[PDB]
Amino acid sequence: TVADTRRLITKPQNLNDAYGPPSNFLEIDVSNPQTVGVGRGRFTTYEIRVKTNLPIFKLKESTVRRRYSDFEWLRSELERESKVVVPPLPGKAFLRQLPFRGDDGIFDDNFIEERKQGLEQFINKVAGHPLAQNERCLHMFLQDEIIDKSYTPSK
């Protein structure tokens, strides 16, 4: 013997498993920023579009509209019960809401673009976390059409 070619014996893979589509599909896109309101009470909303084949999520496809505060609400609800050290949001920009700036403030396009990307970054890390997928707040945020803040945290 010139070579150690030792291996443990393996069970042949079933062909439905080998050629079947994987069971780990989950993509979430944050898109299409839109101003809602006029004057003082304006705020941007983003479309949150989910496609999945994980059985824990109730809908294989979902589209919902969300505000940056909704992203803040989710992170808060997760920080209290989840025991998942939650990633950071792209940042509240208080000083962009001050008047007579040299840009459109909270509606500047470079700002909204960088925020949008940070929100997609955030939601994809959080939604893929196994312990975060148990919490009722995540499913509420992603797939109920409006969030119910008067809820009792379960699971």
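Start at 1 with the first residue shown and count on from there.
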39 to 47 versus 111 to 119 - which carries the larger mean C-alpha B factor in the record: 39 to 47
Stretch exceeding the other in mean C-alpha B-factor - 61 to 69, 22 to 30: 61 to 69
C-alpha B-factor winner, where the candidates are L142, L15, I9, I146: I146
Ranked against its chain, the third holding the CA B-factor of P87: highest
